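Read the structure below first, then the notes.
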Amino acid sequence: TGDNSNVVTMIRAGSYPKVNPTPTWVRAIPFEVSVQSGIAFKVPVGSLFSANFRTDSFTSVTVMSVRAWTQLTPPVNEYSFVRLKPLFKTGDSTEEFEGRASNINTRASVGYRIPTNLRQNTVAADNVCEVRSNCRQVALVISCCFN
Amino acid sequence: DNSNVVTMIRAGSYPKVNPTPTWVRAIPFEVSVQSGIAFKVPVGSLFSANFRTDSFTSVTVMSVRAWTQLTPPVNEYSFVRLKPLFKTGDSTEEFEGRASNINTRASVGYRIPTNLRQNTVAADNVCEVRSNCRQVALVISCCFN
Amino acid sequence: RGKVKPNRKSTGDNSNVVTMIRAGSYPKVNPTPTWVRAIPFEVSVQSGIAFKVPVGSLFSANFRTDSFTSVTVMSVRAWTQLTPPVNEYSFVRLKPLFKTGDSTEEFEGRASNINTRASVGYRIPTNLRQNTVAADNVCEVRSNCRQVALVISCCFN
Amino acid sequence: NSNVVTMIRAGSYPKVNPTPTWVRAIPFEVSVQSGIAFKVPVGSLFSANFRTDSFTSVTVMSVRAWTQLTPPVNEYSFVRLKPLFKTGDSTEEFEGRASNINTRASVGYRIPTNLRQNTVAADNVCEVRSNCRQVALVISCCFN
Amino acid sequence: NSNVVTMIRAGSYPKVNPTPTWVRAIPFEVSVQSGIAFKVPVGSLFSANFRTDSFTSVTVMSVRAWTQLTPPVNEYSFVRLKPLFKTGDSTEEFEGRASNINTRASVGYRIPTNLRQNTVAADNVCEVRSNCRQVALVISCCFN
Amino acid sequence: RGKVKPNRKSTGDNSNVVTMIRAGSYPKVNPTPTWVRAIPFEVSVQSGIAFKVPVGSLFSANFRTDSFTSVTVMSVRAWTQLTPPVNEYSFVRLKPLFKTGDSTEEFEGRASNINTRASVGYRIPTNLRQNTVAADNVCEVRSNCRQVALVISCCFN
Amino acid sequence: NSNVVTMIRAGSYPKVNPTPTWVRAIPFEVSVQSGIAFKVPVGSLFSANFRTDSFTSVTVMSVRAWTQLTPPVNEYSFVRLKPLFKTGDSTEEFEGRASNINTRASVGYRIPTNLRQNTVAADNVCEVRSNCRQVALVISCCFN
Amino acid sequence: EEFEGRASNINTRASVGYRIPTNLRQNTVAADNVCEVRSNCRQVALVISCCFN
RNA sequence: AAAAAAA
RNA sequence: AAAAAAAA
RNA sequence: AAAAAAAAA
RNA sequence: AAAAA
RNA sequence: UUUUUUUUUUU
RNA sequence: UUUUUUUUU
RNA sequence: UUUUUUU
RNA sequence: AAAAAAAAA
RNA sequence: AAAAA
RNA sequence: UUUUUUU
RNA sequence: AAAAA
Ligand SMILES: [Cl-]
Ligand SMILES: [Cl-]
Ligand SMILES: [Cl-]
Ligand SMILES: [Cl-]
Ligand SMILES: [Cl-]
Ligand SMILES: [Mg+2]
Ligand SMILES: [Mg+2]
């Protein structure tokens with residue numbers, strides 16, 4: 013109804029505009045990490061830069077929120093759990109944001125938001141957070157802005 | 015927003031995710047053009063690391079805008095023409111724009127109606143450019159997928 | 003009231019002589035306050051090579067910003083300061099740079115008249131507005147014109 | 016709000032001024048002898064201690080004074096201000112006295128718009144009298 | 016109303032000024048020679064005859080003039096005023112003429128706020144011209 | 003907006019320092035503009051004879067009207083400048099004069115007190131307000147008083 | 016707000032407290048044995064793992080319990096809670112069962128305001144019974 | 107910046123304080139420094155409003 | 001409602 | 001909805 | 001709400 | 001919402 | 001702030 | 001009334 | 001308005 | 001109305 | 001309602 | 001509000 | 001409706 017045409021139509025363009033071949037890009041990047049029992053795993057910021065995510069052209073990224081799900085079943089007799097400790101170059105946190113499953117067959121999950129005042133860039137050498145989980149793998153979805 | 019520290023998120027089930035999403039983009043690039051000769055613009059010029067788009071193999075072109083990128087010949091006013099090209103059938107429209115000041119760029123563009131917005135691959139061509147200026151700058155509004 | 007007298011200040015904003023100020027307790031003072039500023043300055047650029055703009059350029063007599071050692075940059079605007087090569091329309095790119103991580107943006111503006119300055123700028127989000135010292139960099143500049151004019155909106159502190 | 020950089024569709028090159036003006040409250044102290052008036056020099060307003068050394072002229076709007084040290088024994092602090100001007104010094108002795116010996120005396124005065132001309136380092140703002148040996152000043156002024 | 020004294024629940028010692036300012040209309044005459052302009056000295060404003068001798072500087076707001084003596088034979092009185100300023104004398108000849116020989120000529124002029132700076136005894140307010148030998152002046156001014 | 007900074011102009015009509023003016027294209031100027039003026043001057047008259055007032059009297063240092071060679075006269079007012087003969091009440095007549103044709107009007111005013119100036123004037127209709135040069139005349143003046151004061155409302159151009 | 020530091024016109028020194036109170040939900044687990052009640056020690060709430068090693072007393076508000084491990088074969092998880100109080104233990108057996116063997120049982124109880132006195136590490140919150148060999152507790156309490 | 111505050115009674119404390127804008131509210135570890143303190147008084151009491159994490 | 005045009 | 005520590 | 005893109009009497 | 005009663 | 005040429009679907 | 005921690009609907 | 005992100 | 005006296009969230 | 005058009 | 005005074 | 005942003 014409110015459609016347009018079935019043919020090409022002239023554009024009365026004007027002065028050459030402002031342009032940017034390499035713009036920013038708000039993204040939710042999904043990737044997994046392996047975790048050993050009882051040992052915290054530091055999540056490298058570098059996992060976010062990759063051709064798998066179309067983000068290999070970026071070197072910096074502003075992480076906004078971190079969410080995590082256990083990716084494999086827990087040990088026998090156990091309910092899946094997962095923890096997150098936010099890491100920041102200006103000072104690591106000591107928080108242990110933990111989510112557990114209520115059904116052994118179900119993923120545990122938890123996440124944390126980064127306040128605006130702590131949303132600085134990070135590079136591949138930097139770490140996002142420590143992860144702990146009685147499951148050997150953890151799936152993460154990181155809401156981050158690539159720039 | 016007024017918060018100053020990390021806060022828990024009571025996340026739930028694992029979400030539907032997509033590591034290689036689409037991206038709506040305006041891609042600026044330039045092409046060399048010879049006097050009196052038409053130059054087919056390759057769609058492959060849109061897939062390059064310079065645009066963060068080498069990971070794409072297809073692109074739905076929406077609109078095309080061209081500006082003369084160099085001065086015109088002596089005594090002449092810049093001008094640039096576009097002939098949209100389509101795999102299903104090239105057009106014959108010559109959307110032409112002429113500068114009214116010799117020192118000023120000549121610009122023109124054309125929109126692709128929804129019914130012709132299919133994907134194009136690197137080997138495809140967007141449109142034929144013509145111009146008395148040896149280089150034409152192009153801004154192509156397109157959807158990478 | 004319960005009047006005294008003196009003075010001669012005629013109706014509010016129309017006094018012709020000095021008038022006493024019933025000042026009170028010594029206030030909170032600051033001899034060295036901050037200063038939000040639009041700093042104009044130029045940088046030289048070679049065709050094809052990036053030039054990292056030092057934050058130190060902002061601290062200078064020419065700007066009165068001498069006493070400062072740190073600055074919070076808000077936005078950066080750029081103009082080509084010189085004509086372009088023959089046959090060319092001016093252009094200028096800006097790549098923001100941060101200590102926590104350099105960006106890969108190339109905010110570019112081009113002139114539509116050869117005689118006219120190409121211009122472009124970019125805003126720094128609040129979450130990236132930390133201080134920067136002289137040794138720090140602001141942005142990479144590229145330009146077919148040999149000199150680029152910059153105006154940097156920042157807060158000195 | 017925005018979490019990444021955003022382009023600024025800037026335009027023509029604007030009107031700039033690398034050396035803009037500055038309205039300031041400049042605090043500084045002066046030494047005062049008993050019974051002797053001290054001519055406060057305008058030059059004390061120019062100094063890197065205030066970021067104002069890049070200035071050579073200043074428009075004084077108002078002047079406020081507080082005694083900076085205790086008064087003599089048995090005495091309540093006090094301070095006087097006599098506005099001075101290049102076109103003609105005034106004879107007003109704007110006085111303020113403490114009502115608690117342990118507390119500062121203060122007082123100040125406003126300069127009408129018609130007397131707000133520039134002054135230079137050589138010039139004098141006002142005479143200051145006080146039974147206290149030091150007087151803290153805060154001068155509202157426009158550096159230009 | 017009250018017919019006896021009543022206590023005043025006074026409080027802390029206020030801000031005082033023994034030598035305050037004063038806005039005044041100062042009348043005084045000046046001797047004028049035929050055809051010759053007379054520079055009216057600002058010093059005539061300072062005098063115990065006006066209670067203003069305690070002042071050394073004064074801000075002039077407006078100046079009014081009247082012829083103080085009769086004019087020549089066959090002539091109507093007249094008076095001229097040319098405002099004088101330290102930053103730059105003016106060239107206006109504000110004139111007023113009597114329409115009845117037996118009556119005074121007058122005229123005056125207002126000083127804009129931006130030219131109301133202090134003046135001292137040495138300075139001159141304005142030139143005065145008149146066919147009458149004396150000119151009565153009334154100067155609205157602020158003594159400070 | 004999209005802010006810069008500097009300055010210190012406090013609320014409209016209360017600035018204490020210089021403030022930048024974002025001037026633009028060079029305007030239309032005029033170094034020698036017109037000037038509408040009330041020109042006072044006196045003329046001498048003999049009892050019983052008319053005196054043609056020259057327009058040149060208006061161009062003079064004493065009026066700042068030096069640079070002008072032409073003037074459009076709007077209205078002419080006249081006053082007797084000196085006392086009348088013994089026993090007489092002052093009087094003054096004005097006969098307007100024009101290059102296209104002198105008028106035969108004698109606009110006359112008389113004093114009702116011997117001590118008082120007789121006064122009179124006349125307005126020139128728009129359709130007679132052409133320019134006049136020094137060699138031109140304005141009006142004939144008559145008066146039992148030997149000197150007549152004139153104030154001529156005109157436009158210099 | 017702004018992008019730079021701003022002065023705070025602070026006043027008199029305020030009332031301060033270096034060791035304030037803290038309202039918390041303390042998660043921790045306890046080992047349980049089949050058919051045997053386990054008394055939960057309040058002392059479990061005082062640990063550097065919870066940032067509460069600095070507290071020596073705590074007011075318990077509510078107690079919620081989940082089975083932390085799978086139940087025996089062919090059984091649905093269940094957990095009971097028997098509140099305990101120094102002034103007098105309760106006999107309530109607040110019990111929750113799982114309706115899906117693979118799902119946590121859960122239950123909890125509230126402590127009325129009149130029974131919310133302080134407890135120390137030696138005291139006991141409640142008895143826990145369960146067919147599961149570990150029970151996860153989350154105790155809402157005010158550390159003081 | 108030298109945010110200064112003085113007492114108007116010799117027997118009374120001088121105070122002053124400052125706020126950190128949001129764009130400068132990053133974390134700080136023990137090694138870091140908050141602010142320089144100057145005073146003609148031998149001991150300055152401080153009250154720092156902060157967010158531990 | 002699409003397209004070429006027109007103030 | 002509320003309580004506790006902190007800002008306004 | 002953020003990010004990229006996209007127009008007329 | 002940076003800097004003066 | 002009411003106004004050409006060819007198509008044409010619903011109303 | 002906003003930030004942080006916790007219950008309640 | 002259309003894409004990616006979070007309420 | 002004058003004079004003396006007499007208070008809180 | 002003391003002192004300036 | 002209560003005393004002394006006058007409307 | 002003569003002369004300044
Ligand atoms: Cl299930
Ligand atoms: Cl381009
Ligand atoms: Cl041009
Ligand atoms: Cl008064
Ligand atoms: Cl400003
Ligand atoms: Mg051209
Ligand atoms: Mg269980």
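Protein chains in written order, with UniProt numbering: chain P, 13 to 159; chain U, 15 to 159; chain V, 3 to 159; chain W, 16 to 159; chain Z, 16 to 159; chain D, 3 to 159; chain A, 16 to 159; chain S, 107 to 159.
We put the CB at the ideal spot given by N, CA and C, even for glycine.
Range of the contiguous beta strand (DSSP E) that encloses residue i
| i | result |
| --- | --- |
| residue 80 (chain W) | 72-82 |
| residue 97 (chain W) | 93-98 |
| residue 132 (chain V) | Neither: residue 132 (chain V) is in no beta strand (DSSP E) and is coded neither H nor E. |
| residue 153 (chain W) | 149-158 |
| residue 43 (chain V) | 37-46 |
| residue 28 (chain P) | Careful: residue 28 (chain P) lies outside any beta strand (DSSP E) and carries neither H nor E. |
| residue 50 (chain P) | Element bounds for residue 50 (chain P): n/a, residue is neither H nor E. |
| residue 19 (chain Z) | Counting along the chain, residue 19 (chain Z) falls outside any beta strand (DSSP E), and DSSP gives it neither H nor E. |
| residue 110 (chain D) | 109-112 |
| residue 123 (chain D) | 121-125 |
Cutoff 7 Å: residue i Cβ touching any chain U Cβ
| i | result |
| --- | --- |
| residue 133 (chain S) | no |
| residue 89 (chain V) | yes |
| residue 159 (chain S) | yes |
Within-7 Å CB hit, residue i to chain S
| i | result |
| --- | --- |
| residue 77 (chain P) | no |
| residue 39 (chain W) | no |
Below-7 Å beta-carbon distance, residue i vs any chain D residue
| i | result |
| --- | --- |
| residue 18 (chain Z) | no |
| residue 115 (chain Z) | yes |
Own chain partners of residue i with C-beta closer than 7 Å, once the 5 adjacent residues on each side are dropped
| i | result |
| --- | --- |
| residue 141 (chain P) | 55, 78, 96, 97, 98, 99 |
| residue 27 (chain P) | none |
| residue 156 (chain Z) | 39, 41, 60, 73, 74, 75, 76 |
Minimum Cβ-Cβ distance from residue i to chain V less than 7 Å
| i | result |
| --- | --- |
| residue 101 (chain Z) | no |
| residue 24 (chain A) | yes |
| residue 112 (chain S) | yes |
Any C-beta of chain W under 7 Å from that of residue i
| i | result |
| --- | --- |
| residue 129 (chain P) | no |
| residue 105 (chain Z) | no |
| residue 33 (chain Z) | yes |
| residue 67 (chain P) | no |
| residue 10 (chain D) | yes |
Sheet register partners of residue i (DSSP bridge)
| i | result |
| --- | --- |
| residue 139 (chain D) | D:56 |
Contact with chain P by residue i, beta-carbon distance below 7 Å
| i | result |
| --- | --- |
| residue 98 (chain U) | yes |
Chain-order list of residues whose beta-carbon lies under 8 Å from that of residue i (same chain, five-residue window excluded)
| i | result |
| --- | --- |
| residue 134 (chain U) | 57, 72, 73, 74, 75, 101, 140 |
Contacts around residue i, its chain only, beta-carbon distance under 6 Å, and the 5 residues preceding and following it disregarded
| i | result |
| --- | --- |
| residue 41 (chain W) | 60, 65, 154 |
Residue-level contact to chain Z via CB, residue i, 7 Å cutoff
| i | result |
| --- | --- |
| residue 109 (chain W) | yes |
Starting from the N-terminal end, write out each residue whose C-beta falls within a distance shorter than 7 Å of any non-hydrogen atom of ligand 4.
-> V:7, V:8, V:9, V:10
For ligand 6, which residues count as neighbours when the test is a C-beta closer than 5 Å to any heavy atom?
-> U:86, U:91, U:92, U:113, U:116
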